[PDB]
């Protein structure tokens, strides 16, 4: 109900209170008590300040300020995330008397090596620089009983996983591990069976992944949307495409305009009956047409691999919806495109979602490589 329900020390509660947090979110409800126990955690949740707090709060509770050694290591893939994370740490740990330091591949080694001679309780860094400082023995991790990976999937790829294992070699054998990700697939199974011990799993996201899907956006005014869409329809080697709209009416209007444009398509939305929707879905699945126009529809069925281009005619408001539209269920990727039409008012949600899902939505280039959505 409240953060005091977790039996946190006064200063930590003060920090949380000053940050404006009154009611703990689901990720915090799940991760905070378990982490304080000492049990390992493997969590899937969309990125946020509240999630970062979901691991930072336990860290600040466990870390003893009287012990001037690195007691917690937070691994992040990017320097931006390192800065953000450390900001959260210093904010929430304002009254804790706890020191936090960022070390990344960007900053110079000399200054960080000098800084490590001072007291550092919590270390936030990127794999390369951290392994470097650890190998040079500048960073003593003999009492680092807490290990945390945010955006862990970005650091468990073929090359980074080795570095992570090397870094793990420095920590004490009995150490707690908190792993966080926004995408379910993880490359190595032995890594987790070896390094995670009876972990507590948290799954707060829909079982979908944006793996393999190349995502672009395009700054487009409403009046220009149809124009841009048709241009795409001629530019792209579409096999099958699904177009998403934010309301039933817009679905029908867009479908009509598409049909009049000299293109074949179906349409499905929430106002129809389940039978009609199943009919449209089954018909489209058999490749009867090339294009389908949907509103947001719950209970999505079975993945259609023919669909190699998905277009958000209307950009959604939440990451849940974006993932429900674009994401696939396969643990392996899917070679396909996701194209988002961004108006002015959509711009913020373009940023937010991109941050929340830990993905990349770049600006649509002049010409799109065919190797990205066309299979052989």
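Numbering follows the first chain given and starts at 1.
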(message) If you take the mean CA temperature factor per stretch, which one wins between 257-265 and 201-209?
(response) 257-265
(message) Going by the mean C-alpha B-factor recorded in the entry, which is higher: 156-164 or 226-234?
(response) 226-234
(message) Take the CA temperature factors straight from the PDB entry and tell me which of 214, 286, 85, 119 peaks.
(response) 286
(request) Among the candidates 185, 172, 93, 125, give the one with the maximum CA B-factor reported in the record. (result) 185
(message) By the recorded C-alpha temperature factor, relative to the other modelled residues in its chain, which third is residue 333 in?
(response) highest
(message) Which third, lowest, middle or highest, does the C-alpha temperature factor of residue 151 belong to within its own chain?
(response) lowest
(message) When the deposited Cα B-factors of this chain's modelled residues are ordered and cut into thirds, is residue 193 in the lowest, the middle or the highest one?
(response) highest
(message) Lowest, middle or highest third: which one holds residue 140 when the chain's residues are ordered by CA B-factor from the entry?
(response) middle
(request) Could you say whether, by C-alpha temperature factor, residue 367 belongs to the lowest, middle or highest third of its chain? (result) highest
